[PDB]
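Asker:
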Amino acid sequence: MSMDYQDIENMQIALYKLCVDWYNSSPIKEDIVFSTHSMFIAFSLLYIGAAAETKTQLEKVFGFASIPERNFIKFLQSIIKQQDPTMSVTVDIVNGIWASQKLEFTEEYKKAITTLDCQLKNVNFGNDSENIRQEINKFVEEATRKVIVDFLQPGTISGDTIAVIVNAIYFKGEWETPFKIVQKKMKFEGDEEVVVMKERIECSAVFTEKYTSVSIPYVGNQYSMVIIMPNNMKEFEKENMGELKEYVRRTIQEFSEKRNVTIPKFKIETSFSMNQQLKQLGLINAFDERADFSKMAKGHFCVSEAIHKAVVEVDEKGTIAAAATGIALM
Amino acid sequence: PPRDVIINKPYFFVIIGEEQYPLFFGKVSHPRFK
Ligand SMILES: [K+]
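Taken in sequence, the protein lines are chains A and B. Numbering-wise (the authors' numbering), the first sequence opens with residue 1 and increments by one. Numbering-wise (the authors' numbering), the second sequence opens with residue 338 and increments by one.
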């Protein structure tokens, strides 16, 4: 429950690198939401079973080897399980594995998934694929308090499926200072007049040539939404995305001042098939017979489908955010 | 007097806790609640 400071820094670097890399490799353009935190956790469960070049490629994309191997499962526990109380805020991270009754997990793999409190079900994909899809979708719906529905679409799983790894994340926080909806709509650059919300709030904000940022606190001031608004989105995209970690750090470090903050009311939902994007990021062997998951189970397994869905809802009262990541092996 | 913040141009957001790990990330260019 208390990691070395350098190791925390190493994982901050890896998780921001994955976030920016996912953004930079994405095909969906002007409006997008995702949880690379969810992706990391789901793929962490695959990586625990990886060996050889599959292990190395997962390490390259997700940053899993940024910390000692003997602390890997403990780091996962540190991000899945509650460390400090969340108070009024809800943060719920759950994992589930549905494995063919024909799959024999290694002793090491079974121990890790039990240590991580990962739900494990042994199921019959050969005849029950549709029912299993519904069960997984119900699991995600419950974990996300109904925000992520019908996560796995028909066809994602089949009679040839051998395992499905699912991570879900649910976040619910009220703004420390509730916003008031502004009576008049506000012109948003490149868009239209939109409903905005405003209040005099106590917040950290940075005003620089490249961007304006604000950290909008949730009740308790332990979680926040950090908004980074470039002065020129395209230039920022081309040159500054790599220092997202430091722009967040600088924003949180700045003094809080009592100031007016105006932001749009907004909801965003994004779905995608991850496979092609992951290959472009360098995860190649996992998707065919070169896959080496010899630490997971005996046999010859590979990833058929990797799926992500995320939703963020921002209103005058607070934020609800949910995401799921599914990995189906053949 | 403290400078106001008006989010009136395309923006990124991240949801973070004390470890500052990005729990969620997005970009908004056309804000809608539908
Ligand atoms: K008003």
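Quick reminder that beta carbons are idealized off the backbone N, C-alpha and C, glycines included.
Since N124 (chain A) is in the beta strand (DSSP E), which residue starts that stretch and which ends it?
Answerer: The residue given as residue 124 (chain A) occupies position 124 in the first sequence. Unbroken run through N124 (chain A): none, as it is neither H nor E.
Asker: For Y348 (chain B), which residues from the same chain have a beta carbon less than 8 Å from its beta carbon, with the 5 sequence-adjacent residues on both sides left out?
Answerer: By one-based count along the second sequence, residue 348 (chain B) stands at place 11. Excluding positions up to five away in sequence, the list reads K364 and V365.
Asker: Tell me whether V182 (chain A), by its Cβ, gets closer than 7 Å to a heavy atom of ligand 1.
Answerer: If you number the first sequence from 1, residue 182 (chain A) lands on position 182. Flag set: Cβ of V182 (chain A) near ligand 1.
Asker: First and last residue of the beta strand (DSSP E) that includes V226 (chain A)?
Answerer: As a working mapping, residue 226 (chain A) is identified with position 226 in the first sequence. Residues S224 to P230.
Asker: Would you say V94 (chain A) and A168 (chain A) are within 8 Å of each other, going by their C-beta atoms?
Answerer: By 1-based counting over the first sequence, the position of residue 94 (chain A) is 94. By 1-based counting over the first sequence, the position of residue 168 (chain A) is 168. Yes. Within cutoff.
Asker: By how many angstroms is the C-alpha of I228 (chain A) removed from the C-alpha of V33 (chain A)?
Answerer: By one-based count along the first sequence, residue 33 (chain A) stands at place 33. By one-based count along the first sequence, residue 228 (chain A) stands at place 228. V33 (chain A) and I228 (chain A): Cα-Cα distance of roughly 14 Å.
Asker: Unbroken beta strand (DSSP E) runs of length 3 or more, entirely within the segment 150 to 178 of chain A: which are they?
Answerer: List check, beta strand (DSSP E) in window: 163 to 174.
Asker: I'd like the list of long-range same chain contacts for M1 (chain A), defined as Cβ closer than 8 Å, with 5 residues on each side in sequence excluded.
Answerer: For this step, residue 1 (chain A) is matched to residue 1 along the first sequence. Counting only Cβ-Cβ distances below 8 Å, and skipping sequence neighbours, we find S78 and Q83.
Asker: Is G354 (chain B) helix, strand or coil when you go by DSSP?
Answerer: On the second sequence, residue 354 (chain B) is found 17 positions in, with the first residue counted as 1. Correct three-state label for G354 (chain B): coil.
Asker: Among A:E246, A:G318 and A:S271, whose alpha-carbon lies nearest the alpha-carbon of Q357 (chain B)?
Answerer: Along the second sequence, read from residue 1 onward, the residue named residue 357 (chain B) stands at position 20. Of the candidates A:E246, A:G318 and A:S271, the one whose C-alpha sits nearest the C-alpha of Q357 (chain B) is A:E246.
Asker: What distance in whole Å lies between the Cβ atoms of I148 (chain A) and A322 (chain A), which are believed to be in contact at a cut-off of 8 Å?
Answerer: By one-based count along the first sequence, residue 322 (chain A) stands at place 322. By one-based count along the first sequence, residue 148 (chain A) stands at place 148. Rounded, the Cβ-Cβ distance is 5 Å, consistent with contact.
Asker: Alpha carbons only, please: which of B:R369, B:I353 and B:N345 is nearest the one belonging to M225 (chain A)?
Answerer: In the first sequence, the residue the question calls residue 225 (chain A) occupies position 225. Of B:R369, B:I353 and B:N345, the residue nearest in Cα terms is B:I353.
Asker: Compare the Cα-Cα distances from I320 (chain A) to each of A:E254, A:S271 and A:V89 and report the closest residue.
Answerer: The sequence position of residue 320 (chain A) within the first sequence is 320, counting from 1. Looking at the Cα atoms, A:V89 is the closest of the given residues.
Asker: Any contact between the segment 291 to 299 of chain A and the segment 255 to 270 of chain A? By contact I mean 3 or more CB pairs, one from each, below 8 Å.
Answerer: Segments in contact, no.
Asker: Use the C-beta contact count for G190 (chain A): other C-beta atoms within 10 angstroms, 16 or more gives buried, fewer gives exposed.
Answerer: One-based indexing of the first sequence puts residue 190 (chain A) at position 190. Answer is exposed; the Cβ neighbour count stays below 16.
Asker: Any beta carbon of chain B sitting closer than 8 Å to that of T208 (chain A)?
Answerer: In the first sequence, the residue the question calls residue 208 (chain A) occupies position 208. No, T208 (chain A) does not count as interfacial toward chain B.
Asker: Taking only three categories from DSSP, how would you classify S294 (chain A)?
Answerer: Position 294 of the first sequence, counting from 1, holds the residue named residue 294 (chain A). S294 (chain A) falls in the coil class under three-state DSSP.
Asker: My parser needs the beta strand (DSSP E) runs of 3 or more residues fully inside the segment 187 to 214 of chain A; what are they?
Answerer: The segment 187 to 214 of chain A contains these whole beta strand (DSSP E) runs: 196 to 207.
Asker: Run through the DSSP bridge pairs and tell me what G220 (chain A) is partnered with.
Answerer: As a first step, residue 220 (chain A) is located in the first sequence; it is residue number 220 there, counting from the start. In the DSSP output, where bridge partners are listed per residue, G220 (chain A) has none listed.
Asker: Going by beta carbon distance, what residues of the same chain come within less than 8 Å of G159 (chain A), once the five residues before and after it are set aside?
Answerer: The residue given as residue 159 (chain A) occupies position 159 in the first sequence. So the list reads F125, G126, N127 and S129, once near-sequence residues are dropped.
Asker: Hey, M197 (chain A) and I181 (chain A): beta-carbon distance below 8 Å or not?
Answerer: Here residue 197 (chain A) is taken as the residue at index 197 of the first sequence, counted from 1. Here residue 181 (chain A) is taken as the residue at index 181 of the first sequence, counted from 1. Yes.
Asker: State the DSSP-derived secondary structure class of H367 (chain B), mapped to helix, strand or coil.
Answerer: The sequence position of residue 367 (chain B) within the second sequence is 30, counting from 1. In this structure, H367 (chain B) counts as coil in the three-state DSSP scheme.
Asker: Counting only C-beta atoms, is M296 (chain A) closer than 8 Å to chain B at any point?
Answerer: Numbered from its first residue, the first sequence carries residue 296 (chain A) at position 296. Closer than 8 Å: no.
Asker: Could you name each continuous beta strand (DSSP E) segment of 3 residues or more that falls completely within the segment 5 to 87 of chain A, going from the start of the chain to the end?
Answerer: Whole beta strand (DSSP E) segments, 3+ residues: 32 to 34.
Asker: Between the beta-carbon of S204 (chain A) and the beta-carbon of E254 (chain A), is there less than 8 Å?
Answerer: By one-based count along the first sequence, residue 204 (chain A) stands at place 204. By one-based count along the first sequence, residue 254 (chain A) stands at place 254. In contact: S204 (chain A) and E254 (chain A) (Cβ atoms closer than 8 Å).
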